[PDB]
Structures are given as C-alpha cells and as structure tokens.
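Let's start with one chain on its own, the form deposited in one PDB entry, as structure tokens.
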C-alpha cells in the first residue's frame, strides 16, 4: 500500500522499509456515528498489536474512528485530525478522497505517509 521506513542497524542508522497493510473500519462525526465501514485505515503489524496512522474516506466532517483491540477483546475510538483533501484515480472514475491522520501521530510519520502516497498512488 504505502511503504514507511525505520532506522535499524547497529548504530540505529540503517534504513529498513516497512509496507503498511490496510483494512476497513468505521468512522463518524461522533462515537455513535461510527456504525458502518465508511473508511480505509493504514496500519502497521507490530508486536503490541495493530497501530493506526491515518484514515482514507469519502466524507469530510468525520471526527472519530472505531477499531477492535488486539484479538478484538474490546473497542477503541481515536480522534482524527482535520482532513487532507486530494484526488486519486480510482479505477472507476476519478474520485475525491480525504486523508485523516490519527491525532497524536508524529510529523515524521505524517511525512513518510504522504511522500509514500505522493510516490505510489496517483494524486491530482
């Protein structure tokens, strides 16, 4: 989907990539409005479980997002940032999608995700 990077190697200087799997999830404008899969979330397969960076959806007033926990023993709601507007070439017609960074995600990851999206998916 979109390949981030991590500083590994003996001196914490080797660049190893990491692809990012994606999955569906629920978003809404409040916590109860998250009732149905209206969004695509970019995550990373860690050891503590699954860690979410940003959200991709057609709606523009979204504020929240709904995820099972690791092994779905409960449920988590994370606030989204104000959305980034862009235009991708979906294979069914050019489509306006919005990008939501999870609130808290740091700038270096915000930038890896963008330049990974700028290079891979076609923007406009």
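Numbering follows the first chain given and starts at 1. Only the largest set of C-alpha atoms that superpose within 1.5 Å between the two forms is called the rigid core.
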Average Cα temperature factor in the PDB entry - higher stretch of 42-50, 81-89: 42-50
21-29 versus 108-116 - greater average Cα B-factor per the deposited record: 21-29
Chain third (lowest, middle, highest) by recorded CA B-factor, residue given as residue 55: lowest
Among modelled residues of the same chain, the CA temperature factor third for residue 34: highest
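A second form of this protein, the form deposited in another entry, is not displayed here; the remarks below concern that form.
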Core-superposed comparison between the shown form and the other one, residue 23 Cα displacement 2 Å or beyond: no
Flag for residue 90, CA shift 2 Å or larger between the shown form and the other one after aligning core: yes
Sense of CA distance change between residue 97 and residue 17 in that other deposited form, threshold 3 Å: farther
Residue 67 and residue 116, C-alpha gap in that other deposited form relative to this structure (3 Å or more): closer
